[PDB]
Amino acid sequence: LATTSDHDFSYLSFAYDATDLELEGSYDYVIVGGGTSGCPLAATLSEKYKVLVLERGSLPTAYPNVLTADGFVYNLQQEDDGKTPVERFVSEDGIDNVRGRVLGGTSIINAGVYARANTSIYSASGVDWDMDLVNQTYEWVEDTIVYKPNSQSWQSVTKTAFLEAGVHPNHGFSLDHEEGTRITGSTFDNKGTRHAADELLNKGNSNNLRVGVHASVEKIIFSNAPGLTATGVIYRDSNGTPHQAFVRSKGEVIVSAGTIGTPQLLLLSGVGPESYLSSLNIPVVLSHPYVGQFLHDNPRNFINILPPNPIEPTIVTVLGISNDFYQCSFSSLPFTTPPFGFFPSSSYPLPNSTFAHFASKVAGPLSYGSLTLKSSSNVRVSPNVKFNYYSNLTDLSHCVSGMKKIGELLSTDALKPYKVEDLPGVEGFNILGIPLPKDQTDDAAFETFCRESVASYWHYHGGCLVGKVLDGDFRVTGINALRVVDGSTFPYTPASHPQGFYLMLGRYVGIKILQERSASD
Ligand SMILES: *[C@@H]1O[C@H](CO)[C@@H](O[C@@H]2O[C@H](CO)[C@@H](O[C@@H]3O[C@H](CO)[C@@H](O)[C@H](O[C@@H]4O[C@H](CO)[C@@H](O)[C@H](O)[C@@H]4O)[C@@H]3O)[C@H](O)[C@H]2NC(C)=O)[C@H](O[C@@H]2O[C@@H](C)[C@@H](O)[C@@H](O)[C@@H]2O)[C@H]1NC(C)=O
Ligand SMILES: *[C@@H]1O[C@H](CO)[C@@H](O[C@@H]2O[C@H](CO)[C@@H](O[C@@H]3O[C@H](CO[C@H]4O[C@H](CO)[C@@H](O)[C@H](O)[C@@H]4O)[C@@H](O)[C@H](O)[C@@H]3O)[C@H](O)[C@H]2NC(C)=O)[C@H](O[C@@H]2O[C@@H](C)[C@@H](O)[C@@H](O)[C@@H]2O)[C@H]1NC(C)=O
Ligand SMILES: Cc1cc2nc3c(=O)[nH]c(=O)nc-3n(C[C@H](O)[C@H](O)[C@H](O)COP(=O)(O)OP(=O)(O)OC[C@H]3O[C@@H](n4cnc5c(N)ncnc54)[C@H](O)[C@@H]3O)c2cc1C
Ligand SMILES: *[C@@H]1O[C@H](CO)[C@@H](O[C@H]2O[C@H](CO)[C@@H](O)[C@H](O)[C@H]2NC(C)=O)[C@H](O)[C@H]1NC(C)=O
Ligand SMILES: *[C@@H]1O[C@H](CO)[C@@H](O)[C@H](O)[C@H]1NC(C)=O
């Protein structure tokens with residue numbers, strides 16, 4: 001764990017605007033996307049080799065409010081002008097969502113909750129994990145940007161409700177994803193300063209690592225067939241000028257553009273379903289049927305209460321973990337401008353007083369959709385994505401159980417003081433939005449609630465799965481010098497909150513690559 005301090009921007013010494021980067025550069029490794037996995041991956045590789053990270057967004061300093069906990073909602077409320085750190089999008093299901101567009105990636109705009117992955121998920125992942133390395137990597141990340149949170153009144157109230165509602169056992173303070181209630185770590189420190197993946201760049205070698213911002217990577221360049229090999233990438237700067245970055249012998253291009261960005265770049269580069277690419281006149285480098293397939297987004301269902309007596313804003317630290325759903329509560333100040341993605345659509349009531357958001361995330365999820373291009377040539381145009389929420393009925397069954405548990409929390413002595421009326425059961429609260437069914441035994445009513453009030457938990461993943469597009473070493477099959485390392489690689493969420501796993505993944509693969517190079521020397 002780290003100790004409270006200012007956000008470390010020492011890496012700014014080797015950060016350049018794409019306009020200032022050479023038109024044609026040569027490096028050992030080129031990483032597309034300076035995000036959650038991308039930054040630690042880049043820093044790790046820079047320990048011995050020349051690395052170039054290309055990020056489409058700005059430096060965090062360009063948007064000060066991404067640096068504090070008090071700015072979380074603010075960033076989501078800001079209008080998307082194409083340059084802001086929060087890029088807005090709407091799934092084909094009709095659910096509002098957002099993704100990061102800034103150095104540090106989505107770790108720069110998230111809710112800060114930090115958890116280590118469920119220790120039982122490594123065996124069925126399709127990857128043979130070096131667990132000693134995994135834990136060493138978690139420690140490396142934690143010692144830099146993870147903190148033990150201060151106590152917060154509302155989070156403590158939530159903890160009492162979870163324990164009263166049977167979410168057992170109590171783990172006290174713990175970073176591990178385990179069934180029960182606990183206070184976990186946060187990437188926000190004790191003064192409210194946000195720490196993120198960009199700071200992991202400081203762990204790299206300042207003489208071997210170079211970061212390019214405002215760099216839009218449009219295509220991966222490949223050698224002639226057979227024996228296809230990625231040779232570099234083409235990126236464009238703010239002046240519309242295209243640049244090229246190539247990789248040297250034994251070097252590699254690694255895509256860490258995220259669940260949305262990675263499949264998009266692969267498709268635009270000619271790596272994807274043959275008939276799909278040909279239908280758009282995109283030359284096929286290699287037919288890869290599953291690029292953009294198996295996109296998963298865990299549904300978020302919730303209940304907003306408006307306490308008669310004001311509660312204070314808090315950062316999420318208390319988690320109530322069940323095997324099929326994960327829960328927590330967020331307390332916030334009122335607002336007239338809605339934070340995009342918080343509520344599923346723009347037609348939702350606004351809170352004019354403080355409120356508490358009780359959220360429930362379905363595990364998995366089992367349901368999935370796909371990603372397709374909206375533009376066959378412009379990487380700056382968001383891809384179309386559909387998640388097919390609740391297409392798998394087991395996900396729905398878990399939502400029902402999860403919302404019934406929320407019903408239990410609302411019926412605890414712990415939450416009684418926050419009701420406006422003495423009403424029994426889950427009744428008596430001033431609710432903002434769709435209320436829970438009164439009858440806690442009416443499954444059909446809960447299914448309707450689940451379907452009509454669903455929102456995104458923003459933990460979407462998949463699209464370039466290990467075993468479908470990648471091999472156990474994260475290499476894109478059929479192509480040399482090309483890997484994918486970010487949230488697009490697995491079908492199920494690693495924990496209630498995935499950033500910990502994705503941060504770890506970046507350095508983990510980085511070390512595996514260095515170990516491979518060491519053996520090849
Ligand atoms: C919602 O998600 C659930 C959970 O994932 C789906 O249910 C699972 O569906 C799987 C099939 O896609 C089942 O796996 C099969 O199970 C049988 C029985 O054990 C097994 O024989 C199959 O194995 C085959 O043979 C080899 C093994 O000897 C194997 O190497 C082959 O590759 C081949 O698979 C295979 O493992 C799961 O058992 C099942 N889980 C549960 C708990 O039911 C569900 O899928 C639907 O419902 C299923 C019951 C089944 O009818 C399936 O066809 C349906 O699609 C998902 N629902 C939806 C709408 O997709
Ligand atoms: C990689 O890191 C993980 C954690 O992310 C290691 O797993 C942890 O290992 C520690 C040390 O063995 C465990 O701590 C002990 O836990 C027991 C039981 O705690 C549980 O039950 C009590 C109730 O009695 C609850 O209060 C707790 O909250 C918890 O639910 C406790 O009695 C001891 O005093 C220690 O605190 C820890 O539980 C465990 N966490 C998880 C999620 O597994 C992992 O270590 C390996 O696996 C564990 C289970 C042991 O077998 C170790 O010997 C292994 O090394 C580590 N892996 C590696 C390779 O180092
Ligand atoms: C609002 C919100 C709140 C969240 N809250 C939490 C939380 O509290 N705890 C938690 O654990 N998780 C949380 N998450 C999820 C977690 O933050 C993400 O799952 C994780 O950051 C994803 O990491 P990634 O590396 O895959 O992608 P990203 O961090 O998004 O990184 C991909 C990077 O690639 C860049 N990029 C994309 N395309 C291109 C291109 N063509 N050229 C150049 N650069 C490109 C992007 O700008 C971005 O910086 C939240 C997510 C959201 C959106
Ligand atoms: C941790 O990960 C495991 C493995 O993915 C999850 O699944 C286990 O628990 C389920 C619920 O009881 C069982 O039905 C599964 O058979 C079992 N899977 C295996 C192979 O062990 C587990 O639910 C996760 N735990 C939490 C708290 O999320
Ligand atoms: C504000 O709160 C009052 C409660 O007195 C409620 O009647 C009203 O609808 C709310 N207004 C908005 C815009 O949320």
# chains A, B, ... in the order shown; residues from 1 in each chain; ligands from 1
>>> residues_near_ligand(ligand="ligand 5", cutoff="12 Å", atoms="only C-alpha atoms and all ligand atoms", output="list in words")
residues 305, 306, 307, 308, 334, 335, 336, 337, 338, 347, 348, 349, 350, 351, 352, 353, 354, 355, 420, 430, 431, 432 and 433 of chain A
>>> write_last_selection(atoms="N, CA, C and O atoms", output="compact mmCIF listing (two decimals), in the first residue's frame")
# COMPACT_ATOMS: atom_id res chain seq x y z
N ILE A 305 -31.91 6.51 -2.76
CA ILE A 305 -32.74 7.01 -1.67
C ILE A 305 -32.36 8.45 -1.36
O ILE A 305 -31.19 8.84 -1.46
N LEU A 306 -33.37 9.24 -1.00
CA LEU A 306 -33.19 10.64 -0.66
C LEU A 306 -33.52 10.80 0.82
O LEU A 306 -34.68 11.01 1.18
N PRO A 307 -32.51 10.68 1.69
CA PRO A 307 -32.69 10.80 3.14
C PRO A 307 -33.29 12.13 3.56
O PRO A 307 -32.93 13.18 3.02
N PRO A 308 -34.21 12.11 4.54
CA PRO A 308 -34.85 13.34 5.03
C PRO A 308 -33.79 14.20 5.71
O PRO A 308 -33.86 15.43 5.68
N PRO A 334 -26.30 16.88 -4.55
CA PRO A 334 -27.34 17.06 -5.57
C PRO A 334 -26.76 17.75 -6.81
O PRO A 334 -25.67 18.31 -6.77
N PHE A 335 -27.50 17.70 -7.92
CA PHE A 335 -27.04 18.33 -9.16
C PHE A 335 -28.16 18.52 -10.17
O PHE A 335 -29.17 17.81 -10.13
N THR A 336 -27.99 19.48 -11.07
CA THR A 336 -28.98 19.75 -12.11
C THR A 336 -28.48 19.23 -13.46
O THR A 336 -29.27 19.02 -14.39
N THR A 337 -27.17 19.01 -13.56
CA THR A 337 -26.59 18.48 -14.78
C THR A 337 -26.31 17.00 -14.51
O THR A 337 -25.57 16.66 -13.59
N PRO A 338 -26.92 16.11 -15.30
CA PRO A 338 -26.70 14.69 -15.07
C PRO A 338 -25.34 14.16 -15.51
O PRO A 338 -24.81 14.57 -16.55
N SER A 347 -33.33 10.91 -19.82
CA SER A 347 -34.66 11.20 -19.28
C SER A 347 -34.82 10.57 -17.90
O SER A 347 -35.60 9.64 -17.71
N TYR A 348 -34.07 11.10 -16.93
CA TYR A 348 -34.12 10.60 -15.56
C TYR A 348 -34.22 11.78 -14.60
O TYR A 348 -33.65 12.84 -14.85
N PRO A 349 -34.96 11.63 -13.49
CA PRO A 349 -35.12 12.71 -12.51
C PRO A 349 -33.81 13.11 -11.83
O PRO A 349 -32.96 12.27 -11.55
N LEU A 350 -33.66 14.40 -11.56
CA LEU A 350 -32.46 14.93 -10.93
C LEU A 350 -32.62 15.10 -9.42
O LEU A 350 -33.70 15.43 -8.93
N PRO A 351 -31.55 14.86 -8.65
CA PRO A 351 -31.61 15.00 -7.19
C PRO A 351 -31.29 16.42 -6.75
O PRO A 351 -30.26 16.98 -7.12
N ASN A 352 -32.18 17.02 -5.95
CA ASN A 352 -31.98 18.38 -5.47
C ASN A 352 -31.51 18.38 -4.02
O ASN A 352 -31.43 19.43 -3.37
N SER A 353 -31.20 17.18 -3.51
CA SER A 353 -30.72 17.00 -2.15
C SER A 353 -29.70 15.86 -2.20
O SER A 353 -29.56 15.20 -3.22
N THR A 354 -28.99 15.64 -1.10
CA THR A 354 -28.01 14.57 -1.05
C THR A 354 -28.74 13.23 -1.20
O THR A 354 -29.90 13.11 -0.81
N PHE A 355 -28.08 12.24 -1.77
CA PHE A 355 -28.71 10.94 -1.96
C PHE A 355 -27.71 9.81 -1.88
O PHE A 355 -26.50 10.05 -1.92
N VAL A 420 -38.33 8.35 5.19
CA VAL A 420 -39.07 9.57 5.46
C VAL A 420 -40.32 9.21 6.25
O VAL A 420 -40.87 10.04 6.97
N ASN A 430 -37.80 7.94 0.34
CA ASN A 430 -38.08 8.88 -0.73
C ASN A 430 -37.16 8.36 -1.83
O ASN A 430 -35.93 8.48 -1.73
N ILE A 431 -37.74 7.76 -2.85
CA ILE A 431 -36.97 7.17 -3.94
C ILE A 431 -36.82 8.05 -5.17
O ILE A 431 -37.77 8.69 -5.61
N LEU A 432 -35.61 8.08 -5.72
CA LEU A 432 -35.32 8.84 -6.93
C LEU A 432 -35.25 7.82 -8.06
O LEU A 432 -34.28 7.07 -8.17
N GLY A 433 -36.28 7.78 -8.90
CA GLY A 433 -36.29 6.82 -9.99
C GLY A 433 -37.22 5.66 -9.71
O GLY A 433 -38.13 5.76 -8.88
>>> closest_atom_pairs(of="chain A", to="ligand 4", cutoff="10 Å", atoms="only C-alpha atoms and all ligand atoms", output="tab-separated table")
residue	atom	partner	partner_atom_place_in_ligand_line	distance
A:117	CA	ligand 4	1 (C)	8.5
A:118	CA	ligand 4	1 (C)	5.0
A:119	CA	ligand 4	1 (C)	6.7
A:120	CA	ligand 4	2 (O)	4.5
A:121	CA	ligand 4	5 (O)	4.5
A:122	CA	ligand 4	5 (O)	8.1
A:123	CA	ligand 4	20 (C)	8.1
A:124	CA	ligand 4	5 (O)	7.2
A:125	CA	ligand 4	5 (O)	8.9
A:176	CA	ligand 4	27 (C)	9.6
A:177	CA	ligand 4	27 (C)	6.2
A:178	CA	ligand 4	27 (C)	4.5
A:179	CA	ligand 4	27 (C)	4.0
A:180	CA	ligand 4	27 (C)	7.7
A:320	CA	ligand 4	27 (C)	9.8
A:321	CA	ligand 4	27 (C)	6.0
A:322	CA	ligand 4	27 (C)	5.6
A:323	CA	ligand 4	23 (O)	4.3
A:324	CA	ligand 4	23 (O)	6.5
A:325	CA	ligand 4	28 (O)	7.6
A:326	CA	ligand 4	28 (O)	7.9
A:363	CA	ligand 4	28 (O)	7.2
A:364	CA	ligand 4	5 (O)	9.0
A:492	CA	ligand 4	5 (O)	8.8
A:493	CA	ligand 4	28 (O)	9.4
A:494	CA	ligand 4	2 (O)	8.1
A:495	CA	ligand 4	28 (O)	6.6
A:496	CA	ligand 4	28 (O)	7.7
>>> write_last_selection(atoms="C-alpha atoms", output="short mmCIF file (atom, residue, chain, number, x, y, z; two decimals), in the first residue's frame")
data_model
loop_
_atom_site.label_atom_id
_atom_site.label_comp_id
_atom_site.auth_asym_id
_atom_site.auth_seq_id
_atom_site.Cartn_x
_atom_site.Cartn_y
_atom_site.Cartn_z
CA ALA A 117 -9.00 -10.58 -8.56
CA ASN A 118 -10.91 -13.59 -7.21
CA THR A 119 -8.06 -16.01 -6.49
CA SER A 120 -10.13 -18.85 -7.97
CA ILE A 121 -10.42 -17.41 -11.49
CA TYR A 122 -6.86 -17.99 -12.69
CA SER A 123 -7.22 -21.74 -13.29
CA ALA A 124 -10.05 -21.49 -15.84
CA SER A 125 -8.72 -18.39 -17.60
CA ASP A 176 -9.16 -9.52 -1.82
CA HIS A 177 -12.38 -10.31 -3.66
CA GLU A 178 -14.07 -12.72 -1.24
CA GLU A 179 -17.69 -13.46 -0.34
CA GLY A 180 -18.79 -11.26 2.54
CA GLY A 320 -20.88 -6.51 0.00
CA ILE A 321 -19.83 -9.51 -2.05
CA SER A 322 -22.07 -12.45 -2.87
CA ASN A 323 -21.18 -15.23 -5.31
CA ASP A 324 -23.64 -14.08 -7.96
CA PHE A 325 -23.69 -10.31 -7.46
CA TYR A 326 -21.49 -7.58 -5.96
CA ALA A 363 -21.34 -11.53 -11.79
CA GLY A 364 -19.94 -12.60 -15.15
CA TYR A 492 -15.84 -12.59 -17.23
CA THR A 493 -15.08 -9.83 -14.75
CA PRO A 494 -12.18 -10.69 -12.38
CA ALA A 495 -13.74 -9.07 -9.31
CA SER A 496 -16.43 -6.62 -8.27
#
>>> residues_near_ligand(ligand="ligand 2", cutoff="10 Å", atoms="only C-alpha atoms and all ligand atoms", output="NGL selection string")
:A and (115-120 or 130-136 or 138-139 or 168-182)
>>> residues_around(residues="residue A:518", least_positions_apart="3", cutoff="12 Å", atoms="only C-alpha atoms", output="number ranges by chain")
A: 48-49, 250, 511-515, 521
>>> atom_distance(atom1="atom CA of residue A:393", atom2="atom CA of residue A:367")
8.5 Å
>>> closest_residue(among="A:10, A:520, A:477, A:278", to="residue A:205", atoms="only C-alpha atoms")
A:10
>>> residues_near_ligand(ligand="ligand 1", cutoff="12 Å", atoms="only C-alpha atoms and all ligand atoms", output="ChimeraX atom specification")
/A:363-369,388-398,491-492
>>> write_last_selection(atoms="C-alpha atoms", output="mmCIF file, in the first residue's frame")
data_model
loop_
_atom_site.group_PDB
_atom_site.id
_atom_site.type_symbol
_atom_site.label_atom_id
_atom_site.label_comp_id
_atom_site.auth_asym_id
_atom_site.auth_seq_id
_atom_site.Cartn_x
_atom_site.Cartn_y
_atom_site.Cartn_z
ATOM 1 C CA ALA A 363 -21.340 -11.528 -11.785
ATOM 2 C CA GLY A 364 -19.940 -12.597 -15.155
ATOM 3 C CA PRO A 365 -21.995 -11.681 -17.068
ATOM 4 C CA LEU A 366 -23.055 -14.735 -19.060
ATOM 5 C CA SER A 367 -24.757 -12.530 -21.661
ATOM 6 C CA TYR A 368 -22.661 -11.002 -24.439
ATOM 7 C CA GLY A 369 -22.824 -9.066 -27.685
ATOM 8 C CA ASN A 388 -27.537 -7.965 -24.925
ATOM 9 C CA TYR A 389 -28.286 -7.420 -21.251
ATOM 10 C CA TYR A 390 -30.183 -10.321 -19.706
ATOM 11 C CA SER A 391 -30.244 -12.340 -22.923
ATOM 12 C CA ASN A 392 -28.981 -15.127 -20.674
ATOM 13 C CA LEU A 393 -31.684 -15.826 -18.096
ATOM 14 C CA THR A 394 -29.177 -16.864 -15.446
ATOM 15 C CA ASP A 395 -27.945 -13.250 -15.412
ATOM 16 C CA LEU A 396 -31.540 -12.161 -14.786
ATOM 17 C CA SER A 397 -31.956 -14.669 -11.948
ATOM 18 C CA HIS A 398 -28.848 -13.171 -10.340
ATOM 19 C CA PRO A 491 -15.118 -12.992 -20.932
ATOM 20 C CA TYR A 492 -15.839 -12.587 -17.234
#
>>> residues_near_ligand(ligand="ligand 3", cutoff="6 Å", atoms="only C-alpha atoms and all ligand atoms", output="short mmCIF file (atom, residue, chain, number, x, y, z; two decimals) with N, CA and C atoms, in the first residue's frame")
data_model
loop_
_atom_site.label_atom_id
_atom_site.label_comp_id
_atom_site.auth_asym_id
_atom_site.auth_seq_id
_atom_site.Cartn_x
_atom_site.Cartn_y
_atom_site.Cartn_z
N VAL A 32 -0.05 0.71 -28.01
CA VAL A 32 -1.17 1.53 -28.43
C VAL A 32 -2.15 1.65 -27.28
N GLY A 33 -2.28 2.87 -26.75
CA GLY A 33 -3.18 3.10 -25.64
C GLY A 33 -2.44 3.17 -24.32
N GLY A 34 -2.31 4.38 -23.77
CA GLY A 34 -1.62 4.55 -22.50
C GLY A 34 -2.66 4.52 -21.40
N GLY A 35 -3.33 3.38 -21.28
CA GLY A 35 -4.37 3.23 -20.28
C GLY A 35 -4.01 2.44 -19.04
N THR A 36 -5.03 1.81 -18.46
CA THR A 36 -4.88 1.04 -17.24
C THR A 36 -3.83 -0.06 -17.35
N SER A 37 -3.92 -0.88 -18.40
CA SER A 37 -2.93 -1.94 -18.60
C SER A 37 -1.71 -1.41 -19.34
N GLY A 38 -1.96 -0.50 -20.29
CA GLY A 38 -0.90 0.05 -21.10
C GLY A 38 0.25 0.75 -20.39
N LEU A 54 1.58 5.41 -27.26
CA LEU A 54 0.79 6.36 -28.03
C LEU A 54 -0.63 6.42 -27.47
N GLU A 55 -0.98 7.58 -26.92
CA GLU A 55 -2.29 7.80 -26.33
C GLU A 55 -3.06 8.88 -27.08
N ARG A 56 -4.30 8.59 -27.44
CA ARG A 56 -5.12 9.55 -28.19
C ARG A 56 -5.55 10.76 -27.36
N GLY A 57 -5.70 10.58 -26.05
CA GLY A 57 -6.13 11.66 -25.18
C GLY A 57 -5.04 12.61 -24.70
N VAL A 98 -19.69 5.26 -20.88
CA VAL A 98 -18.53 6.11 -21.10
C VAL A 98 -17.25 5.30 -21.04
N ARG A 99 -16.19 5.84 -21.64
CA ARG A 99 -14.87 5.22 -21.60
C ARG A 99 -13.85 6.34 -21.52
N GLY A 100 -12.68 6.04 -20.97
CA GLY A 100 -11.64 7.04 -20.84
C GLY A 100 -10.99 7.44 -22.15
N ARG A 101 -10.50 8.68 -22.18
CA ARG A 101 -9.81 9.23 -23.35
C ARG A 101 -8.82 10.22 -22.76
N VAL A 102 -7.77 9.67 -22.15
CA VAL A 102 -6.77 10.49 -21.48
C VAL A 102 -5.61 9.57 -21.08
N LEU A 103 -4.43 10.14 -20.87
CA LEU A 103 -3.29 9.33 -20.44
C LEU A 103 -3.63 8.79 -19.06
N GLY A 104 -3.49 7.48 -18.88
CA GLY A 104 -3.85 6.85 -17.63
C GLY A 104 -5.13 6.06 -17.92
N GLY A 105 -5.75 6.37 -19.04
CA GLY A 105 -6.96 5.67 -19.43
C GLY A 105 -8.16 5.86 -18.53
N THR A 106 -8.99 4.83 -18.45
CA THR A 106 -10.19 4.89 -17.64
C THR A 106 -9.89 4.90 -16.14
N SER A 107 -8.66 4.54 -15.76
CA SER A 107 -8.30 4.58 -14.34
C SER A 107 -8.25 6.04 -13.87
N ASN A 110 -12.38 6.79 -13.19
CA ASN A 110 -13.23 5.85 -12.48
C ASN A 110 -13.56 6.16 -11.02
N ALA A 111 -14.30 5.27 -10.37
CA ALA A 111 -14.72 5.47 -8.99
C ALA A 111 -13.66 5.11 -7.94
N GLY A 112 -12.45 4.80 -8.41
CA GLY A 112 -11.34 4.50 -7.52
C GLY A 112 -11.31 3.22 -6.71
N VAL A 113 -12.36 2.40 -6.79
CA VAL A 113 -12.37 1.17 -6.01
C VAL A 113 -11.29 0.19 -6.50
N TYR A 114 -10.50 -0.32 -5.56
CA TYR A 114 -9.42 -1.25 -5.89
C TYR A 114 -9.59 -2.60 -5.21
N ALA A 215 -2.19 11.38 -29.76
CA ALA A 215 -1.72 10.50 -30.82
C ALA A 215 -2.80 9.47 -31.12
N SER A 216 -3.47 9.65 -32.25
CA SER A 216 -4.54 8.74 -32.66
C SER A 216 -3.99 7.63 -33.55
N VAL A 217 -3.86 6.42 -32.99
CA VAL A 217 -3.35 5.30 -33.76
C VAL A 217 -4.48 4.80 -34.66
N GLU A 218 -4.25 4.85 -35.97
CA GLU A 218 -5.26 4.47 -36.95
C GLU A 218 -5.08 3.10 -37.58
N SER A 256 -3.26 -1.98 -26.33
CA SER A 256 -3.86 -1.85 -24.99
C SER A 256 -4.86 -0.71 -25.09
N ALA A 257 -5.60 -0.69 -26.20
CA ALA A 257 -6.58 0.35 -26.47
C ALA A 257 -7.94 0.14 -25.81
N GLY A 258 -8.05 -0.88 -24.97
CA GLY A 258 -9.30 -1.14 -24.28
C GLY A 258 -10.30 -2.03 -24.99
N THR A 259 -11.33 -2.41 -24.25
CA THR A 259 -12.40 -3.26 -24.75
C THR A 259 -13.00 -2.71 -26.04
N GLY A 261 -11.53 0.13 -27.94
CA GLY A 261 -10.47 0.51 -28.86
C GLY A 261 -9.66 -0.58 -29.52
N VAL A 379 -10.89 6.06 -37.14
CA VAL A 379 -10.75 5.49 -35.80
C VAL A 379 -11.34 6.41 -34.73
N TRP A 458 -20.21 -0.04 -16.09
CA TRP A 458 -19.01 0.51 -16.73
C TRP A 458 -17.80 -0.42 -16.70
N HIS A 459 -18.04 -1.68 -16.37
CA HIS A 459 -16.96 -2.66 -16.29
C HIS A 459 -16.95 -3.60 -17.50
N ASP A 486 -5.12 -5.76 -22.18
CA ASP A 486 -6.07 -4.80 -21.61
C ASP A 486 -7.34 -5.56 -21.24
N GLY A 487 -8.43 -4.83 -21.00
CA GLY A 487 -9.68 -5.46 -20.62
C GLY A 487 -10.42 -6.27 -21.67
N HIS A 497 -14.66 -5.12 -8.94
CA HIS A 497 -14.03 -3.96 -9.58
C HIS A 497 -12.75 -4.49 -10.22
N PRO A 498 -12.67 -4.41 -11.55
CA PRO A 498 -11.57 -4.88 -12.39
C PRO A 498 -10.26 -4.13 -12.57
N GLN A 499 -10.19 -2.86 -12.19
CA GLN A 499 -8.95 -2.13 -12.43
C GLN A 499 -7.72 -2.79 -11.80
N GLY A 500 -7.86 -3.34 -10.60
CA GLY A 500 -6.72 -3.99 -9.97
C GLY A 500 -6.13 -5.08 -10.85
N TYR A 502 -6.55 -5.47 -14.17
CA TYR A 502 -6.02 -4.91 -15.41
C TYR A 502 -4.70 -4.16 -15.20
#
>>> atom_distance(atom1="atom CA of residue A:453", atom2="atom CA of residue A:295")
20.9 Å
>>> select_by_dssp(residues="stretch 204-396 of chain A", states="alpha helix (DSSP H)", output="list in words")
residues 258, 259, 260, 261, 262, 263, 264, 265, 266, 267, 268, 274, 275, 276, 277, 278, 279, 393, 394, 395 and 396 of chain A
>>> closest_residue(among="A:268, A:450, A:73, A:400", to="residue A:332", atoms="only C-alpha atoms")
A:73
>>> closest_residue(among="A:291, A:183, A:415, A:318", to="residue A:488", atoms="only C-alpha atoms")
A:291
>>> atom_distance(atom1="atom CA of residue A:144", atom2="atom CA of residue A:15")
19.7 Å
>>> residues_around(residues="stretch 235-245 of chain A", least_positions_apart="3", cutoff="8 Å", atoms="only C-alpha atoms", output="PyMOL selection string")
chain A and resi 17-19+22-27+30+214-219+232
>>> closest_residue(among="A:474, A:140, A:89, A:147", to="residue A:253", atoms="only C-alpha atoms")
A:474
>>> decode(residues="stretch 106-117 of chain A", atoms="N, CA and C atoms", output="mmCIF file, in the first residue's frame")
data_model
loop_
_atom_site.group_PDB
_atom_site.id
_atom_site.type_symbol
_atom_site.label_atom_id
_atom_site.label_comp_id
_atom_site.auth_asym_id
_atom_site.auth_seq_id
_atom_site.Cartn_x
_atom_site.Cartn_y
_atom_site.Cartn_z
ATOM 1 N N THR A 106 -8.989 4.833 -18.448
ATOM 2 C CA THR A 106 -10.190 4.890 -17.640
ATOM 3 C C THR A 106 -9.890 4.902 -16.138
ATOM 4 N N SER A 107 -8.663 4.545 -15.760
ATOM 5 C CA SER A 107 -8.296 4.579 -14.342
ATOM 6 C C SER A 107 -8.248 6.037 -13.866
ATOM 7 N N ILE A 108 -8.230 6.970 -14.817
ATOM 8 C CA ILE A 108 -8.187 8.402 -14.516
ATOM 9 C C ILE A 108 -9.577 9.007 -14.284
ATOM 10 N N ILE A 109 -10.627 8.289 -14.676
ATOM 11 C CA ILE A 109 -11.983 8.805 -14.504
ATOM 12 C C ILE A 109 -12.908 7.890 -13.712
ATOM 13 N N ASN A 110 -12.378 6.788 -13.191
ATOM 14 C CA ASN A 110 -13.233 5.845 -12.479
ATOM 15 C C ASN A 110 -13.560 6.165 -11.020
ATOM 16 N N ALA A 111 -14.304 5.267 -10.375
ATOM 17 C CA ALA A 111 -14.717 5.467 -8.985
ATOM 18 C C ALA A 111 -13.655 5.114 -7.945
ATOM 19 N N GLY A 112 -12.449 4.799 -8.411
ATOM 20 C CA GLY A 112 -11.343 4.503 -7.516
ATOM 21 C C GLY A 112 -11.313 3.216 -6.713
ATOM 22 N N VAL A 113 -12.359 2.403 -6.787
ATOM 23 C CA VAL A 113 -12.369 1.168 -6.012
ATOM 24 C C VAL A 113 -11.293 0.195 -6.497
ATOM 25 N N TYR A 114 -10.498 -0.316 -5.557
ATOM 26 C CA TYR A 114 -9.425 -1.247 -5.888
ATOM 27 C C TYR A 114 -9.590 -2.596 -5.206
ATOM 28 N N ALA A 115 -9.510 -3.659 -5.997
ATOM 29 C CA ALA A 115 -9.618 -5.013 -5.479
ATOM 30 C C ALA A 115 -8.720 -5.942 -6.275
ATOM 31 N N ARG A 116 -8.216 -6.978 -5.615
ATOM 32 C CA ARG A 116 -7.415 -7.981 -6.304
ATOM 33 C C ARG A 116 -8.438 -8.961 -6.869
ATOM 34 N N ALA A 117 -8.084 -9.634 -7.953
ATOM 35 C CA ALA A 117 -9.002 -10.583 -8.565
ATOM 36 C C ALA A 117 -9.306 -11.788 -7.681
#
